[PDB]
6 protein chains.
Amino acid sequence: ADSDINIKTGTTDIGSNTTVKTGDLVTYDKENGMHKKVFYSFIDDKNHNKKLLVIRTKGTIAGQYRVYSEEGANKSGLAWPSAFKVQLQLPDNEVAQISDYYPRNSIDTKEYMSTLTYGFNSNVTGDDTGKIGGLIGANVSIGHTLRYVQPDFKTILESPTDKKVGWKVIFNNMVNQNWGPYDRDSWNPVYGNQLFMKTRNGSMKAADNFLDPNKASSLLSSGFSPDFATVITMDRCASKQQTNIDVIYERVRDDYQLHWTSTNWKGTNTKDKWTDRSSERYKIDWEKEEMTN
Amino acid sequence: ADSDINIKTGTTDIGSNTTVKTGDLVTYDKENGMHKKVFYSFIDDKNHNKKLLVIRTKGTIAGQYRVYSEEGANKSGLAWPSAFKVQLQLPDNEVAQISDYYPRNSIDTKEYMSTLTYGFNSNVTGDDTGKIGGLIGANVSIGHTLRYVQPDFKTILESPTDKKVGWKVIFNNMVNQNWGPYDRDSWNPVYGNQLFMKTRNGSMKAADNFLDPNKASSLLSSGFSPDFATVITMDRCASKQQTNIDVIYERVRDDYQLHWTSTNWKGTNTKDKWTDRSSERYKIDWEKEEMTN
Amino acid sequence: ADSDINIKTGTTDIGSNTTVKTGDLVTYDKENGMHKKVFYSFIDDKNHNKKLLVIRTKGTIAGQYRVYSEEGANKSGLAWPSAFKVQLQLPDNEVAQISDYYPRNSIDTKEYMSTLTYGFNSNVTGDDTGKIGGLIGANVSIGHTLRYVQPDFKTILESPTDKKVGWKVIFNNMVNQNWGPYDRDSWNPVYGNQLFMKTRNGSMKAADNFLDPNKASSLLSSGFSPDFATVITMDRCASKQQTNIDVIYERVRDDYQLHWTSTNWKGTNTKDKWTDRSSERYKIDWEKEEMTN
Amino acid sequence: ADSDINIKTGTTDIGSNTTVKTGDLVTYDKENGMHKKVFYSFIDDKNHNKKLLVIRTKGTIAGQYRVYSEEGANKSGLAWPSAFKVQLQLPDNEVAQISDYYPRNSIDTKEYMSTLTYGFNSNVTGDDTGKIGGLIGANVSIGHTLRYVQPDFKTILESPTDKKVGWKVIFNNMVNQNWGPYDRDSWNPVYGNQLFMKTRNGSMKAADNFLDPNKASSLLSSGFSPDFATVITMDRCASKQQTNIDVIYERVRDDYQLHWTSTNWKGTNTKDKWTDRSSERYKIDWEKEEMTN
Amino acid sequence: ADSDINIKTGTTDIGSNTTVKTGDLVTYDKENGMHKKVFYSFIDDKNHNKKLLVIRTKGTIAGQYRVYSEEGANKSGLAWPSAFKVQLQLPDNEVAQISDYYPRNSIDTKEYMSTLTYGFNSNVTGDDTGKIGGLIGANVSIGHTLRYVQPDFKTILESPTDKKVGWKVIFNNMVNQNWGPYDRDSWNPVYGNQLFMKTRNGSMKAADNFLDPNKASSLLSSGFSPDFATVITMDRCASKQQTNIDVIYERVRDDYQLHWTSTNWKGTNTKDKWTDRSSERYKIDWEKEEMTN
Amino acid sequence: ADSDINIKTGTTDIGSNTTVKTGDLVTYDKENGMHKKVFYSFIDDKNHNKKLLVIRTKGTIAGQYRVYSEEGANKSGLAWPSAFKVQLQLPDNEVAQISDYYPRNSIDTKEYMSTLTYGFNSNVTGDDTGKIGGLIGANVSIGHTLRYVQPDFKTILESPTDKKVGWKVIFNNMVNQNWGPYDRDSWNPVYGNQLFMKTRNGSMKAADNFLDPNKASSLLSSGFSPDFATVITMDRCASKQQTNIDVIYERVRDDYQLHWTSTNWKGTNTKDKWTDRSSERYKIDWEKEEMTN
């Protein structure tokens, strides 16, 4: 930070003694079930070499964890969200540039532990027949331990350019009734993929053998709420002071099937079966400091 | 945050140099046992493109954990709250939109640990008859550990649109006298569901074999206090400056029955047996900046 | 800090009552996949003996983890980023000097634990034939444990001079499907290097046996975002008030090959096979307090 | 602190309503590889009985971990930094005094744990031939555990006077590929000192059997950045208002040799074989409030 | 605090809207190796019933851990600091009083853990001769664990009066090459006191068998830096406005001797062998608000 | 707090825009060894319905842990402080009331852990004579663990009235050379109470067999420093504006006796053998906002 290089806190930051023009644009895509919200802030700092627009993409993409198919009592299918995506894109003819973004990719850590034990033991054995025994023993043991945190979903900043930025929140793995964790590639020769299997050999219909959504991650059913920030820069003496920007919300859905194998349930996951894409074009007026649909 | 993109803290926030009009509306629903409180804040920031109304739903929904049925000394029933709900809804013809909400759904994590141990041991055994024996052995062990936090109740933001938003606090699982945890689907072939049974084979009346409310979650008897925030946006030059909004409080009650099976007690839980719903219509005057019932 | 030597906080910091001139310069190198961003701040504090320019190098270097070669079904190659580098360099004829930098190299710690246990046991055994036996035993064990944190990538400040400063983020080690950790030098006589092996003996094409990028560090595929800071000083009454500075972004790529050995897969890693360099020259005008390409 | 003795926070600190004169002096010693930086602050507080100069010594001393000798394929030598030192000295005829310094020596702690466990066991055994046997046993065990943190390098304030102050950062111990930790005095009859030994019996050139610098502490190769502070006091009505001060940076280098003993590698460390010393004299003008070389 | 009794924080503190007169007095005792520093603050708050002088004693008492005696290859002695002391004393004829001091004695805590385990086991054994045997067993175990922190040195406020106050930092115990901890009274029949024994039976000179000072607490060799605060009160309308105060720094040195017992080394510690006292008299002028030697 | 009920922080606190009159009264009782200090604050807030006096009792009560009796070499006695007390009392005819106090009694917690493990093992044993044996075993284990913190001394607020308030700091239990903890009621048939015995069977004088005060809690020898706050209210329009208050400091001392039982040492503790009590009457003038002896 600034204090690490002997500089007062906030000295190098943008936006002091500036009037900031903020706004909210709200859309609801009913077919895709996406509540999209753009919170924008225009910052024209006289001491900064460019004009800034901060765009925060928020809202909620519904998970839509849903049993969608019932082929009798022995086969069923469940659609579930394996990824949520948010993308911002400027057309290539624009002179505005994507300057900053948040959050970014972090370096993950793990804790390592090493152990070395050694010991000696000895005993003497008695008896009422006068038999006397003895024993002397020694042992050594070496151990290694690895500890780390696994989230249910991972937030990843995809490789940005000066015209395009994006984030994806992807399914990592989940605990199923204290078992697991299972992921999209877990395989068992007997039961297949047990991601959303409720019982291994229950006698109910297949449509009733899926994990209850309250027992899974809330992102699967209620959905994910993005909170992403992009900073777009514009030259002050540019000829054209109007920009277009596209914002895309996305949901990728996998297909998890349960079928009865005459002795137990077997699960099978198919990746990226469906994609729901909701796009919206916005107009930025830099001189008026406003954003519209 | 702002400091992550080289921007002064609070630069992009709403409500600087603004007069905020606050208010409280309090109702008590005696039949449903709900103390409903609405704390509203009108923010008309000149630098923001819309008028904001922040509505905080608060109060308390009583748990109403109570023994409701006694069919002799051998069977009894207990009504208990498995869910609390808060919903806000705007009518279809309104111009105002639901812009923001809090809290949202967060990604939950788990801690994973793996262990690998290997060791060698050796011993020599003597005897008084000159018998000498030896032993050399080796061993290897692999372990996996999973750790995570389990709350008694989960707070879930249900999928919002621009016209309605909702939260639900649902029962997750509970510890019964250091045993468990048990949930609404726990089943034992001998005892059934042991969520609220006090003794496994006590010889008292069934109505006296339910877990004491002081030994359970305080949400079950004393109740739950919502603290939820919604932000509603309105255009400044809209023709009509009056909005209607519905606020609904809900309590879903399960039915837990104990009966004597001639050897021990057996428990059975029935889900969503009752629903208490208390609705209230409010009028928002944007020009006067007030809310009324 | 200042309070440790009885001095008010921030008393000795630079930049009070100063007008700071900030700016952003954004480039996108399409061939190298590098989004380069320079955030500069000119600080001319009258109470400081020199003019300061703080340069923050930011942006994102894409990882570009990708399968690049398929020699049939039994051989494949994967290019992956083992290092990301950022360098700033002043020409030797300049009079401006590199004054400060951040982050720097930290001293790492480990936690040590010692254990000493001793115990005694005894038992008596008796059969129905009047056989009575005894046993008395003692044991002692000594243990040592070492615990420390291992990041996936390490950030290192390379030894700076007054003309050039640099950072490198280098691959340390990675967990592969709860196994490992593996690094660039892990070797197994049977399987070779298992850094990005998906299955040990799976029967599939070699190009399909590499670890999924979602299951690895996000730095490998999506890439790394630099956050480095340099402080450059300049004399106030210097004759020439123009400086040149070179900023270089680098990506070093290793080559991980999988091949079928008729029984199982074997992986070999080749270090520093490719290097992608993206250099950019900037002009610093100290009088105008501006920075240009 | 002040609040512990009922005094407003910061009441007794120096530097309120004072103009502070700061400056930077940067030197690069190419022969010794030392980037030396002095950040000075002159504080003349009217309410303080003396003039203060705060000198912060910063910069970076390069580690210079490097293979320096190759006597064929069976012998090699590595020079590595075992200590970094920073010293400030005033000539004995000066009237200025060293008043304060930071950091200082802190008291280290350890965590102690005692355990006492006892138990009883019993079993009954029975064969198909009517043989019945019993066993009753008891045991007791006592354990002691000690836990503490061990940094790779220790920073120590050497005993100051009113004319000279100094710090040294010295090598403590290091983990070598999850083994150890090893220090400068570790000895093993078979392998000698295994501080920087890569393989115990690998068949390669001796120069290629040293631990890779990326797998060691970053201080060994990239180097150490001092962050030390000294406070010098001077009387206001002294006749001579000019002071001289010497600042010295030092690097002590050990010599680690690997040689082949026809069966395995053996390592030997020689302490304090080389010393690189970089000295610089500065002139302090108290009335002009400036510092020069 | 104030907020606990419904009072604004800082309301009851001293020193608001007050001019504070601060000063530094620095001495170096070369014979005793003590850098003594007094930082004083005069606070004359009009709303307080007395004049306050805050005296902070700082500086550094050198440890002076050194081998002082060699009586051949078989006997040696080492002087080491077992205590550092700081005392302030007012003459009994003074009317100023010691009113406050910091730090004070804290209440130390320990963590207690109780464990109770019980279990059952069973097994069946069968060989090729038809011999079938069984075993059923049960066990119970009770454990207690105690955990607390042990600093190397303890800081103790000695019982103050209104005329004298004092602190002592005393040696508590130390880890010797991962063994111990050892204290001044540790005794082993074979080796005596092993506080600073390097090797138990090494064949070297006795003077070379003492623990290296870099492997011990830095307080032992480099020394201890006091940071103690005293508050003196004076009546405003007192006839004489001049006070005398004595400040004493002290170092107590123990004598640790190593001698060869023809089989191994034996250590012996003698307590409080030497004491070094450095006393200084200061004059306090309450009218001029200054302190002098 | 205030923010929990939608109220600005500090809105409801006392003492804004108020002139506070503070003072210190210092006494030293030499016979009882008590340094008593009263720090008072008069607060007359116009918006508060009463005048407030905040009295902070501070200082130090010396522990006075000391050997007081020696009856030959086989019997000795030690006086040690088992309780420190501070009491404030208003006469019953006063109009002023005790309104608030700090600290108060807090609810203590414990951590509970339950464990259930079960396992299976198998065994196949061979021989050179062709004898083959097998074994199949199963086991189950249940465990409970309780963890909580135990301080050496407990601070307790005794039941206050409107005229009387008090605190006591009482001895809880102590660790004796890593054994224990022991308390005033610990009893062993062989050794009695081992609270302060240094050796169980050492052959020395009884007066030399007591634990070293440096190895015990510092409260036992150096003593306890109270920090207690009382708030006294008074009506503004009252006839008499002078109050009296008594402040009492107390130390209760137990008597720990060691005697030789011809085989080992035996300790006995006698509770509340001595009580040292020092009282002081203070006059409060509410009009002058002054407190005197």
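The rules behind the values
- Residues numbered from 1 in each chain as written, not as in the entry; some residues may be left out.
- Chains lettered and ligands numbered in written order.
- Part of a larger assembly, values for the part shown.
- Heavy atoms only, no water.
- Residues with missing side-chain atoms left out of burial classes, pairs and counts.
- UniProt positions renumbered as here; feature names shortened; annotations may be inferred.
- Contact = heavy atoms within 4.5 Å.
- Buried area = accessible area lost by both parts, 1.4 Å probe.
- Salt bridge = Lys/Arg side-chain N within 4 Å of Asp/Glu carboxyl O.
- Polar contact = N/O pair within 3.5 Å; in protein donor to acceptor, adjacent residues only side chain to side chain.
- Helix = DSSP H or I, 4+ residues; strand = E, 2+ residues; numbered from the N terminus.
- Nonpolar A, V, L, I, M, F, W, Y, C, P; charged D, E, K, R; others polar.
- Least-squares fit on C-alpha atoms.
- Buried < 20%, exposed > 50% of the residue type's maximum accessible area, 1.4 Å probe, protein only.
- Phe/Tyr/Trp six-rings, centres within 6.5 Å; stacked < 30°, edge-to-face > 60°.
- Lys NZ or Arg CZ within 6 Å of the ring centre and 35° of its normal.
- Pairing = 2+ DSSP bridges.
- Axes fitted to C-alpha atoms, helices over the stretch in contact; angles between N-to-C directions.

The PDB entry annotates chain A as alpha hemolysin fused with spy-tag of Staphylococcus aureus. What UniProt states about chain A under its Subunit (literature references left out) heading is, verbatim, "Self-assembles to first form a non-lytic oligomeric intermediate, and then, a mushroom-shaped homoheptamer structure of 100 Angstroms in length and up to 100 Angstroms in diameter (Probable). Interacts with human ADAM10; this interaction is required for toxin pore formation, disruption of focal adhesions, and hly-mediated cytotoxicity." Check the Sequence similarities section of the UniProt entry for chain A; it says "Belongs to the aerolysin family."

Draft legend 1. Region of the structure containing the interface of chain A and chain B. Facing 72 residues of chain A, the contacting portion of chain B comprises 63 residues. Summing both partners gives a buried area of about 5500 Å² for chain A against chain B, and 48% of it is carried by carbon and sulfur. Put simply, chain A and chain B have 7 salt bridges between them. Linking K215(A) and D183(B) is a salt bridge whose minimum nitrogen-to-oxygen distance equals 3.7 Å. Counting every contact that joins chain A to chain B gives 39 residue pairs in polar contact. Of all the secondary structure elements, the ones that give two or more residues to the side of chain A that touches chain B are strand 1 (20–29), strand 2 (34–43), strand 3 (51–61), strand 6 (97–102), strand 8 (133–151), strand 9 (153–158), strand 12 (179–182) and helix 1 (218–221) of chain A. Taken together, the residues of the side of chain A that touches chain B sort by class into 29 nonpolar, 31 polar and 12 charged.

Draft legend 2. Seen up close, the relation of the copies chain A and chain B. Least-squares fitting of chain A to chain B yields an RMSD of 0.1 Å, with the transformation described by 0.0 Å of translation along the axis and a rotation of 51°. Comparing interface residues between copies, only 10% of those in chain A also sit at the interface in chain B, which points to a heterologous contact through distinct surfaces.

Draft legend 3. Layout of unusual backbone geometry. With an omega dihedral of 0°, the bond running from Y102(B) to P103(B) counts as a cis peptide bond. Within the element layout of this structure, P103(B) appears in the loop between strand 6 (97–102) and strand 7 (109–127). Put simply, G180(B) and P181(B) share a cis peptide bond, and its omega is 0°. Inspection of the secondary structure assignment puts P181(B) in strand 12 (residues 179–182). Phi at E289(B) is positive, roughly 60°, even though this residue is not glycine. Structurally, the position occupied by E289(B) is in the loop between strand 15 (265–285) and strand 16 (290–292). On the basis of relative accessibility, which here comes to 22%, the residue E289(B) falls in the partly exposed class. Phi angles above zero are rare outside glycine, and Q64(E) is one such case at about 65°. Examined against the element boundaries, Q64(E) turns out to sit in the loop between strand 3 (51–61) and strand 4 (66–70). A relative accessible area of 30% means that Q64(E) is categorised as partly exposed.

Draft legend 4. Representation of the side chain of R251(B) within the structure. Residue and element names in this part refer to chain B. Structurally, the position occupied by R251 is in strand 14 (residues 242–260). Here the side chain of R251 touches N32 through a polar contact of 2.3 Å, landing on its backbone oxygen. Looking at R251, its side chain comes within polar contact range of the side chain of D276, at 2.7 Å.

Draft legend 5. Layout of the packing of aromatic side chains. Evaluation of the coordinates by the stated rule reveals 89 aromatic pairs over all chains. Considering the side-chain rings of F153(D) and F171(D), the 5.6 Å spacing of their centres and the 80° angle between planes classify their relative orientation as edge-to-face. Of this pair, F153(D) sits in strand 9 (residues 153–158) while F171(D) sits in strand 10 (residues 164–171); the two residues are 18 residues apart in sequence, bridging distant segments of the chain. Neither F153(D) nor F171(D) differs from the other in exposure class; each is buried. Clustering of aromatic rings is evident, with ring pairs tying together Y65(A), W80(A), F84(A), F153(A), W167(A), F171(A), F196(A), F210(A), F224(A), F228(A) and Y256(A). Directly above the aromatic system of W179(E) lies the positively charged group of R200(E), at a separation of 5.7 Å from the ring centroid.

Draft legend 6. Broad picture of the sheet that holds strand 6 (residues 97–102) of chain D. Residue and element names in this part refer to chain D. Ordered by their spatial adjacency, 5 strands build an open sheet running 1-2-3-13-6, and the pairing between neighbours is antiparallel. What marks the edges here is a single partner per strand, and that holds for strand 1 (21–29) and strand 6. When strand polarity is set aside, the average angle formed by the axes of neighbouring strands in this sheet is 20°.

Draft legend 7. Seen up close, the interface of chain D and chain E. Facing the 63 residues of chain D at the interface are 73 residues of chain E. Carbon and sulfur atoms supply 48% of the area that chain D and chain E bury against each other, a total of about 5600 Å² over both sides. When the buried surface of chain D facing chain E is broken down by residue, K8(D), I107(D) and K110(D) rank first, second and third, together holding 12% of it. At the junction of chain D with chain E, the criterion picks out 6 salt bridges. Inspection of the chain D/chain E interface yields 40 residue pairs in polar contact. Sort the elements by how many residues they give to the side of chain D that touches chain E and strand 7 (residues 109–127) of chain D lands first, with 19 residues. Classifying every residue of the side of chain D that touches chain E gives 20 nonpolar, 25 polar and 18 charged. As paired strands, strand 7 of chain D and strand 8 (residues 132–151) of chain E are joined by 19 bridges and run antiparallel to one another. When the sheet's bridge partners are listed, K110(D) is paired in strand 8 of chain E with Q150(E).

Draft legend 8. Inspection of the pairing of strand 12 of chain A at higher detail. Where strand 11 (residues 174–176) of chain A lies against strand 12 of chain A, 2 bridges are found, and the strand directions are antiparallel. Counted as the bridge partner of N176(A) is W179(A) from strand 12 of chain A.

Draft legend 9. Fine view of the environment of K271(B). Residues and elements named next belong to chain B. Along the polypeptide, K271 turns up in strand 15. The class for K271 is partly exposed, based on a relative accessible area of 34%. At 2.8 Å, the side chain of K271 and the side chain of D185 are in polar contact.

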